[PDB]
6 protein chains.
Amino acid sequence: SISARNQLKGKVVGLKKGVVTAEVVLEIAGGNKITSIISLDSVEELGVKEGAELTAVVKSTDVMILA
Amino acid sequence: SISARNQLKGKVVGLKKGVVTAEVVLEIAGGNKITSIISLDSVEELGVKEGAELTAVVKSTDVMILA
Amino acid sequence: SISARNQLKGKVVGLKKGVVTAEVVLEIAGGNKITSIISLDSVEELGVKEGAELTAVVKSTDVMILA
Amino acid sequence: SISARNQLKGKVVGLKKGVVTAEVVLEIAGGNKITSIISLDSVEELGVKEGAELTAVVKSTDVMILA
Amino acid sequence: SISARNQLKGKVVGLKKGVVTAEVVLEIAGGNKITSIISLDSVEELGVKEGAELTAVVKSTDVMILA
Amino acid sequence: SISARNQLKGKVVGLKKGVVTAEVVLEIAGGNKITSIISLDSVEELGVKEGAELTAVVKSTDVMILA
Ligand code: MOO
Ligand code: MOO
Ligand code: MOO
Ligand code: MOO
Ligand code: MOO
Ligand code: MOO
Ligand code: MOO
Ligand code: MOO
Ligand SMILES: [Ca+2]
Ligand SMILES: [Ca+2]
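Throughout, a per-chain count from 1 in the order the sequence is written supplies the residue numbers; the entry may number residues differently, and those without coordinates are omitted. For this description, chains carry letters from A and ligands carry numbers from 1, given in the order in which they are written. Hydrogen atoms and water are omitted, and side-chain values are computed over all heavy atoms in the structure.

Within the PDB entry, the label attached to chain A reads MOLYBDATE BINDING PROTEIN II, and the organism entered is Clostridium pasteurianum. In its PDB record the entry is named "MopII from Clostridium pasteurianum complexed with molybdate (partial)". Looking at chain A in UniProt, the text filed under Function is "Binds one mole of molybdenum per mole of protein and contains a pterin." UniProt positions are given in the numbering used here, feature names are shortened, and annotations may be inferred rather than shown by experiment.

As structure tokens, then:
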């Protein structure tokens, strides 16, 4: 129940932990892949691990269109 | 060939024009819907129309993770 | 349970509805005020109205520091 | 005098330096905590340190609403 | 003294007002042009108009690279 | 042909690699400089290095105005 209109369910297929940030790669419907860069603290708090089923969220104003 | 690593192909299923901004809704693999808000100038220049085959692009640092 | 680390509870003190976007102003702790621009559809779906108690959410990478 | 309408004064209560990025945590009115991830270069240039009195700035189009 | 590392001085050559947002177009050094979409209220508050000399500011995390 | 209206051609004058992110600094027309923080993987994938000619891309909704 958040304003961000793009909510994409997926499964974790990759995780890389940096000093401040962390990279999460999710496989969503149709084989598409979504890549997320978040704080390292969050990775630790949401129990992010390979195989976990999670949801990618994006604000509409952050989505560009390519023709 | 742009750094934004998230590229999701889709078809236009919704279009609403504002004074400065415009809203484009794309249907992607699995019926998921991606909503984008961009400049009105761009819709016009990219010739966005119902049925067009376009692509949604998102920077990794804009993707959040939900548990 | 989302990665975005900034979650600020507040009360709606202002709402302006545009064609594509909408502006929401919330009063949070200490009298601070937060201003949000979201899609008009969201305003309609989350039942946004003056007096409503809601939460402002922000990704860490979108926060700048001013000295 | 910048368009970002959200300006929240606070004191530094956390600082973690990465190779490229850095994390700053500010305590604002009510003990709320704001977390910011910026360039390592900037922390150094703005002389960010525990106890400093700084200000968090956020563009309105980056603030989401949660119900 | 804001952490955002991109500060581009320029002159207003275009200004379009919408209901909630506004579009500002600046001509910057060297023949380049920058386009910004911000809140209508900020435009009104900073007294933006054709001919004004202002600065465009962008967070490093929001700049993409294209090859 | 991406909707992002800001496309600034430039040359790489600085490149710093971190664990998850990377910092690219470009010199653009007219003596201006642009700094970008993107994923380390994209840098590696687009083969970014000192001297390369590339383009910085920014969404209009991410450009702030300072008076
Ligand atoms: O209504 Mo949003 O937060 O622009 O997706
Ligand atoms: O070590 Mo970083 O600056 O979190 O990629
Ligand atoms: O390499 Mo990006 O531009 O953070 O997706
Ligand atoms: O960068 Mo975060 O961990 O989505 O607030
Ligand atoms: O009428 Mo708007 O301000 O382009 O949604
Ligand atoms: O007027 Mo803003 O820069 O969308 O907060
Ligand atoms: O990521 Mo910055 O240091 O706000 O440009
Ligand atoms: O808001 Mo835009 O049309 O992606 O620059
Ligand atoms: Ca943004
Ligand atoms: Ca952003």
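After that view of the structure, there is still more to cover.
This part takes up the sheet that holds strand β4 (residues 53–58) of chain B. Strands pair, by our definition, only if DSSP identifies at least two bridges between them. Put simply, DSSP marks the helices as runs of H or I at least four residues long and the strands as runs of E at least two long, and each gets a number from the N terminus on. Judged by pairing direction, the sheet is antiparallel, and its 5 strands sit side by side in the order β5(A)-β4(B)-β1(B)-β2(B)-β3(B) without closing on themselves. Both outer strands of the open sheet, β5 (64–66) of chain A together with β3 (33–39) of chain B, are each paired with one neighbouring strand and no more. Each adjacent strand pair in this sheet contributes to an overall mean axis angle of 45°, direction not counted. As defined by bridge partners, strand β1 (residues 6–17) of chain B adjoins strand β2 (residues 21–27) of chain B across 6 bridges and the pair is classed as antiparallel. Considered in β2(B), the bridge of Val12(B) is made with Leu26(B). An axis is simply a line fitted to the C-alpha atoms; with a helix, the fit covers only the stretch in contact. Between two such axes, the angle follows the N-to-C directions and lies from 0 to 180 degrees.

Any N, O or S atom lying within 2.8 Å of the metal counts as a donor, and for Na, K and Ca the limit rises to 3.2 Å; water is left out, so some sites can look incomplete. The protein atoms that coordinate the calcium ion (ligand 9) are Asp62(A) (OD), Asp62(D) (OD) and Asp62(F) (OD), at distances of 2.4 to 2.7 Å. The distance between the calcium ion (ligand 9) and the calcium ion (ligand 10) is 3.6 Å. Of the two residues, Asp62(A) sits in the loop between β4 (53–58) and β5 while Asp62(F) sits in the loop between β4 (53–58) and β5 (64–66), which places them in two different chains.

Here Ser42(C) is to be found in helix α1 (residues 40–45). Looking at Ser42(C), its side chain comes within polar contact range of the main-chain oxygen of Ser3(A), at 2.9 Å. The contact criterion used is simple: two residues touch if any of their non-hydrogen atoms lie within 4.5 Å. Ignoring any residue separated from it by four or fewer positions in sequence, one finds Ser42(C) in contact with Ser3(A) and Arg5(A). As used in this structure description, the phrase polar contact means that two N or O atoms lie within 3.5 Å; if the pair is within protein, one of them must be able to donate a hydrogen and the other to accept it, and residues adjacent in sequence are counted only when both atoms belong to side chains.

As a further point, take the pairing of strand β2 (residues 21–28) of chain E. All names here are of chain E. Burial classes follow relative accessibility: with a 1.4 Å probe on protein chains only, a residue under 20% of its type's maximum area counts as buried, one over 50% as exposed, and anything between as partly exposed. Burial within β2 is extensive, with 7 of its 8 residues counted as buried. Between strand β1 (residues 6–17) and the antiparallel strand that follows it, β2, lie 3 residues. Bridging between β2 and strand β3 (residues 33–39) involves 7 bridges; their strand directions are antiparallel. Across the sheet, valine 25 pairs through a bridge with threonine 35, a residue of β3. Between β2 and the antiparallel strand that follows it, β3, lie 4 residues; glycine 30 among them carries a positive phi value of about 80°.

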